[PDB]
Amino acid sequence: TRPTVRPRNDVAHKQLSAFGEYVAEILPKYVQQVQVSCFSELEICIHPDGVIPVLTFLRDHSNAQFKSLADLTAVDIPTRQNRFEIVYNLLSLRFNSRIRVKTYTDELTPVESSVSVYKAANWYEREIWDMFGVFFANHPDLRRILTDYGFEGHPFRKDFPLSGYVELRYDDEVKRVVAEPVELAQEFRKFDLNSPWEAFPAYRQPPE
Amino acid sequence: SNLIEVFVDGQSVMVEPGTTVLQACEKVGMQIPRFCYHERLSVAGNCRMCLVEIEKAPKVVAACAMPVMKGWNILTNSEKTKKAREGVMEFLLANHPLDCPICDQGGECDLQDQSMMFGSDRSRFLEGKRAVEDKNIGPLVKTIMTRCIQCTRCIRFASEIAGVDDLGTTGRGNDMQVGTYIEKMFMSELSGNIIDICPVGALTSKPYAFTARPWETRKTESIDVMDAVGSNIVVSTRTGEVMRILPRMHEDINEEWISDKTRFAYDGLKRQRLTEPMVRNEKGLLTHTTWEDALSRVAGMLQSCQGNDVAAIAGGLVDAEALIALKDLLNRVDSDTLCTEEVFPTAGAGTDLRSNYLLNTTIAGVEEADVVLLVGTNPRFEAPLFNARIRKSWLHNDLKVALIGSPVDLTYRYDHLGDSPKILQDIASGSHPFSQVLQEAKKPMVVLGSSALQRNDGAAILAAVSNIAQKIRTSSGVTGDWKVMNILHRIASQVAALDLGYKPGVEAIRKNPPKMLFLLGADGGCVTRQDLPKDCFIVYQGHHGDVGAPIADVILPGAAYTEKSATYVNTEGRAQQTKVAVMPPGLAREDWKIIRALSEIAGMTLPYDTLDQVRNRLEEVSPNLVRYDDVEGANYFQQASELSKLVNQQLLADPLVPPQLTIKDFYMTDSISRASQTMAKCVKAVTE
Amino acid sequence: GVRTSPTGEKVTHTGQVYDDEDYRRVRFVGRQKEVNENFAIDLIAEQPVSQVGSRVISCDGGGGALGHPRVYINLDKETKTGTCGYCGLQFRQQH
Amino acid sequence: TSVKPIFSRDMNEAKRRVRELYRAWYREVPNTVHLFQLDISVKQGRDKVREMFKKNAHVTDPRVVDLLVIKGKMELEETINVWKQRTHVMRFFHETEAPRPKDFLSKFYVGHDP
Amino acid sequence: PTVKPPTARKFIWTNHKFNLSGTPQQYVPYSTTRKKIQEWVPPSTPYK
Amino acid sequence: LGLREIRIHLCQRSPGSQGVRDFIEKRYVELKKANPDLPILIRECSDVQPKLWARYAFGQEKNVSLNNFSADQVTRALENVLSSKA
Amino acid sequence: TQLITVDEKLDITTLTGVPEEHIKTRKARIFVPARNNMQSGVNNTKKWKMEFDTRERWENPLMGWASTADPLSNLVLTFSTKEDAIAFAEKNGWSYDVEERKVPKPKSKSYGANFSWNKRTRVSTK
Ligand code: SF4
Ligand code: SF4
Ligand code: FES
Ligand SMILES: [K+]
Ligand SMILES: [Zn+2]
């Protein structure tokens, strides 16, 4: 398994497991799950009410010092009743490490904003509200950031179609750019590329 | 309990005795690769792909044929199981041709898929491959035997299910080939299933050849309407054009097979279509016109008619929604002359009770029977999958089959009692040995064909068969939940029409002819312009111009079964719905929408606007038409027996002859099949 | 081997030609309809059949890695030649 | 069944927020008409505002109508400042769009759409 | 090509043509497929 | 104007349809003997309510609920339907 | 109390931005997809899928491509269980129909049945 297989890191896996135990034991009020992946990445899944305390602890603790917020993302998984999974990626320059903090919310429940901890969260969760419709309570200035000014609907949700519901064209009668119901000269062709055979037995789900 | 305990990857599972290693691994969600094993075929065990390792045992076993004993641990992902899989895949791909871009199995090939999943990634073969001479087995199946892997599903299917025994293996060693050894056409009613079960591209569909690729086809699950079995199919389209038809899986109807007419009628579905409303001009020729003109002319002629001056005939490919729309429209003008082309006797109980015009047991209830009597029908061609079920029960359950009628070929051995109805009279009188056999039967089953009821003495035949059924069911050892009387239908629209209250047969029209006739796809030619009065206004509504369209005055283009969501009832009373695959071509519309618009123009608007309100009205007329994929029971056999004993119709001397005696008569039945070039090729192949 | 129509329109090698009453011929008015004058079905018909003395033959299209994947053709039938599925070249056994 | 509120605990404060948003839109409609040089009158703009509020008036969940008030507030702030152009303001009025038939007969005449 | 001439093939153009955009010899797109659905031609004789 | 058809919907196993079942099994033969040209469509269903539809001329329709009835009650209802003709 | 009580049905149709005629006139279908009969693998029949009815596709006048006006033509959603799909369809205001999952019933497989002494299940060849 030498030339064509990715070498495995075990010291980092042990250190990340120990730090996951450390965090999940310091904060039992919000932490629900702690896992470490195959490629040595630590994910801490927490309750949505403890977004501010967990992030402030990870930012300010002497043994954490996660001073950088790299990326803030939402993921749309429609089969869950809390379909939106909000993911914080943090970087610690003191210990040269990275962590992942995950929480959940649905369409109608707001999430506490983390601008008071990290200042990149302003534009990041403004984009999250724009694309997934997740409201962030106690935000300084929450509006749209990437979509059109009159756009209706959140495009990164999975029930939103690839091509939207409206399209723009210039009309000479009103001398203006107008929005009309979408009609495609060629329909986007859907491809069924999924193999009917199981690829990875290690990820096999148990039957009902 | 008799269950034993085995372990799959250390996980305990209780299995029945006689279970194989493959089924035990399937019980926990692990699918061992196969190339020759099929769950509906006998076990051959020659591909050796399923070689799994049992722990504490220095030999891999074939999981498709090895039974499990207690305490066994199966290692589905161990090192030597993977080594065996890689070796067998290498041997399978050693002599395979490099034909993947030019072969129709690409993208849906089992060999490609479990070579990518379980095999190696490169080839050590430094020799030359073999080449096999291609064969000709008919205009339906394209044969390229260089791609064959000698899995022998061909012979097992053709011998155990189709019952033909024409395919075989000739040769020895690497020169062994699969074929018929002579220039013989493997022409059966179940030939395309050998295309379905071939794991490689060795057998392919000739009409489908070189047309599409499997990843780009959109799949729509629908119901076949080509016969009254009610087979579930998947229509695969591509950019709004119907490409091919595959079977769906339904364990109680058509388990994974379909007939050849179902598989190859689509090329006629895309020919000879009606795409625009037509009216007669002043020279008497059908010219194109708009929807408004044709609807206004039909409504204006309908407004002057009242009573028995307007009638309607229903064809063989008509949905329940159009039937109830036409019934409501004609009832708004106070007319009850709604007829079907297929004749059913109304003497006695008639179409009131559902027990005397249904396949009362089940399609899947033939597995539980022990003695089956078929009267005056050829089930091989009227309902091929019903005959497949009878053959399966004959093979595995050791069924006893006897037939009254012409000695046709049924792909199993039966007892030909004769072809006279006096034998039916003699069975109920106890003067026959088969009467004693029926009395000794624990689960008897008497099947009467719909084609035997088309005769002038059909009511007497039905009365005699029901007399036999009620003599057996009341007296002999039948519990009461077992239904003996059965009727096999051959028209997809017949049961839905009989449930909604249509009068079977066109005798009502022939009694008092109307001055305005509606034809809903009635292409059987039962009523022509000679029977009708001198100036009759005939309105035809359908998708194909075959028989009724030249004699019509207004032609209203309808939709086919692949172009609308529709409700169809099969011969056992089960209701099913067909989804929309494509849209009707040109100016053609949905049938009930046409009838509703015609009602709106005439000022007699029906109280439904969308499809769901039409189905609500359908539930109002009969509640079993809106419960899909459910079979409802039908009691009150004694009441129908008591009612049928009143009028004593005299039996005739004519022998019971089915209309479909050979394979030649099977292909061309209705307007869809008659417009198919593939059916013409099949008829030309079987006649030469 | 191009062919013309009663309209005066050239017919492509796939058999396409616009109808006489079709309105879509207006796109070629003042312009031209582009067709390929080299019909591959007529061009591959001029290649002579190759006679070989073996039961099977191998075809790669010529050029090795610059051709099609190598296939093997059986020559057991005497009534017909063996056509390659990729390049369309046909072969005949000498005996 | 207990859920976390957004702004309104029950329906009364939500109705107050709807009332305030309608008052703000009704006040701003003349300035929006004047500043954007629209071809409509003030009455047509106020009728469009009332039409949107009436279209959106069948909801009984406090959180849903809180989100609706929030999105309306974003639209109002988007219009008070000159961030929308004339096309974004006029996109509420479908002038170039063809009139869609509604009865059964015309839909039957024009196509297969139910 | 005075030193290493290209391979001669029978289908290669013997006359090179420049960009014909905006000319009467410009390329006009069209569909190369035939008709999919065949219509029913009514009979030319009266029903009498 | 006049009656055209009668529809009797019922369930095979529900106790609310037991009166309709008893009425069918005891009196349907003589009912059909009395009215040979009248379509009396008996339709079973898995969980439907007992119902009695009656269609008249020009599409007029009437509905009677037979829920939790006895044989005599549905017999009197059928006599009323046969004698009404309106 | 920071937790209010809402006893109404969950409905989010006023927030999704979908036009109303793509809500009230569309029929969602919830089903487990059938196994492709050309293959013996069953990995594609594990998850529930919700899709929509097929609308009109016509031919482009220029190139003959397939043109459509239905934005929901390629919308296929995946759900782990049936109730999640039902709740998602009911939350979004789509009228839906549900088809039950069809599983293959177990068979009785015996290699020794091919060589029976007196039964019809003998194989004529092998
Ligand atoms: S049968 Fe399968 S492996 Fe063989 S050429 Fe066809 S796609 Fe390739
Ligand atoms: S042609 Fe196909 S099904 Fe028949 S034996 Fe060969 S691989 Fe098996
Ligand atoms: S699947 Fe068992 S040997 Fe082929
Ligand atoms: K195949
Ligand atoms: Zn070649």
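For neighbour counting, all protein chains shown are included, and Cβ atoms are generated from backbone atoms with ideal geometry for every residue, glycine included. No value in this document is a laboratory result; all are computed from the given coordinates.
Just a few scattered comments:
- Looking only at region B:123-148, and only at residues there that are over 30 Å from the mean Cα position of the chain (by Cα) and buried (at least 20 other Cβ atoms within 10 Å of the Cβ), the one that is farthest from ligand 4 (Cβ to nearest atom): B:131
- Hits in region B:191-201 (condition: away from ligand 3 (no atom under 16 Å from the Cβ) and among the aliphatic types (A, V, I, L, M)): B:194, B:195
- Qualifying residue in region B:162-170 (condition: under 26 Å from the mean Cα position of the chain (by Cα) and under 18 Å from residue B:247 (Cα atoms)): yes
- Screening residue B:182 on (1) farther than 22 Å from residue B:48 by Cβ; (2) within 20 Å of the chain's Cα centre (by Cα); (3) not hydroxyl-bearing (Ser, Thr, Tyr) shows it passes everything except condition (2).
- Residues of region C:61-87 that turn out to be in a loop (DSSP other than H, G, I, E, B), facing chain B (nearest Cβ under 9 Å) and surrounded by 13 or more Cβ atoms within 10 Å (Cβ to Cβ), as a count: 6
- Close contacts from region B:140-157, counting a first residue that is over 18 Å from residue B:207 (Cα atoms) and free of Cβ contacts under 8 Å to residues at least 12 places away in the same chain and a second that is within 16 Å of ligand 5 (Cβ to nearest atom) and hydroxyl-bearing (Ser, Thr, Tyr), with Cβ to Cβ under 9 Å and a gap of 6+ residues or different chains, come to none at all.
- Applying the criterion of at least 3 residues that are more than 8 Å from chain A (Cβ to nearest Cβ) to the strands (runs of 3 or more DSSP E) found wholly in region G:23-66 leaves G:27-31, G:48-52.
- Any chance residue B:523 is in contact (Cβ under 8 Å) with a residue 40 or more places away in the chain, of a type outside the set (A, V, I, L, M, F, W, C) and not in a helix (DSSP H, G or I): yes
- Each residue in region C:1-37 was checked for being exposed (fewer than 13 other Cβ atoms within 10 Å of the Cβ), under 16 Å from the mean Cα position of the chain (by Cα) and closer than 24 Å to residue E:20 by Cα, and 2 of them qualify.
- Selection of first residues in region B:21-35 that are farther than 15 Å from residue B:61 by Cβ and of second residues that are within 16 Å of ligand 1 (Cβ to nearest atom), restricted to Cβ pairs under 6 Å at least 6 apart or on distinct chains, gives the following pairs, ordered by first then second residue: B:35/B:47; B:35/B:49; B:35/B:151; B:35/B:199.
- Applying the set (1) in a loop (DSSP other than H, G, I, E, B); (2) touching a residue at least 12 places away in the same chain (Cβ under 8 Å); (3) touching a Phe, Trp or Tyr at 6+ places or on another chain (Cβ under 8 Å) to residue D:49 leaves exactly one unmet item: (1).
- No other residue among C:92, C:31 is more than 16 Å from ligand 4 (Cβ to nearest atom) and not in a loop (DSSP other than H, G, I, E, B) apart from C:92.
- Residue identified as outside any loop (DSSP other than H, G, I, E, B), under 17 Å from residue A:147 (Cβ atoms) and within 9 Å of another protein chain (Cβ to nearest Cβ) among D:105, D:67: D:67
- Wholly within region B:140-221, strands (runs of 3 or more DSSP E) carrying at least 3 residues that are under 30 Å from residue B:394 (Cα atoms) and away from ligand 2 (no atom under 14 Å from the Cβ): none
- All positions within region B:128-171 that are hydroxyl-bearing (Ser, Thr, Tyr) and within 14 Å of chain C (Cβ to nearest Cβ): B:143, B:146, B:170
- Of the criteria (1) within 12 Å of another protein chain (Cβ to nearest Cβ); (2) of a type outside the set (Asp, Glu); (3) within 12 Å of ligand 5 (Cβ to nearest atom); (4) touching a residue at least 24 places away in the same chain (Cβ under 8 Å), which one residue C:55 fails: (3)
- Spans of strands (runs of 3 or more DSSP E) in region A:1-98 with at least 3 residues among the small types (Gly, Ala, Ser) and either more than 30 Å from residue G:49 (Cα to Cα) or under 23 Å from the mean Cα position of the chain (by Cα) (or both): A:68-76
- The set of residues in region G:71-99 that are assigned to a loop (DSSP other than H, G, I, E, B) and within 14 Å of chain A (Cβ to nearest Cβ) comprises G:75, G:76, G:80, G:81, G:92, G:93, G:94.
- Conditions (1) within 25 Å of residue B:635 (Cα to Cα); (2) of a type in the set (S, T, N, Q); (3) assigned to a loop (DSSP other than H, G, I, E, B); number of the one not met by residue B:355: (3)
- Only one entry in B:16, B:55 is more than 16 Å from ligand 4 (Cβ to nearest atom), more than 30 Å from residue B:393 (Cα to Cα) and not hydroxyl-bearing (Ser, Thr, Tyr), namely B:55.
- Cβ-Cβ under 7 Å pairs, at least 6 apart or on other chains, region B:98-111 side within 9 Å of chain C (Cβ to nearest Cβ) and farther than 9 Å from residue B:200 by Cα, far side assigned to a loop (DSSP other than H, G, I, E, B) and more than 7 Å from ligand 1 (Cβ to nearest atom): B:98/C:69; B:98/C:70; B:99/C:85; B:102/C:85; B:102/C:86
- Selection status of residue B:410, of a type in the set (A, V, I, L, M, F, W, C) and assigned to a loop (DSSP other than H, G, I, E, B): yes
- Looking at D:46, D:50, D:23, D:27, just one residue is in contact with a helix residue (DSSP H, G or I) (Cβ under 7 Å, 6 or more places away or on another chain), closer than 27 Å to residue D:95 by Cα and of a type in the set (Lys, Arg), and that residue is D:46.
- Looking only at region B:1-16, residues that are assigned to a loop (DSSP other than H, G, I, E, B) and either basic (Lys, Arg) or in contact (Cβ under 8 Å) with a residue 40 or more places away in the chain (or both) come to 2 in all.
- Boolean, residue B:253 is farther than 20 Å from residue B:104 by Cα, away from ligand 4 (no atom under 16 Å from the Cβ), of a type in the set (A, V, I, L, M, F, W, C) and surrounded by 21 or more Cβ atoms within 10 Å (Cβ to Cβ): yes
- Per-region count, region D:27-41, residues in a helix (DSSP H, G or I) and either loosely packed, with under 15 Cβ neighbours inside 10 Å or in contact (Cβ under 8 Å) with a residue 60 or more places away in the chain (or both): 5
- If you go through region B:487-511 and keep only what is within 14 Å of chain F (Cβ to nearest Cβ) and in a loop (DSSP other than H, G, I, E, B), you end up with B:501, B:502.
- Residue match in region B:239-250 (condition: more than 16 Å from ligand 1 (Cβ to nearest atom), within 14 Å of chain G (Cβ to nearest Cβ), part of a helix (DSSP H, G or I) and hydroxyl-bearing (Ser, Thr, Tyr)): no
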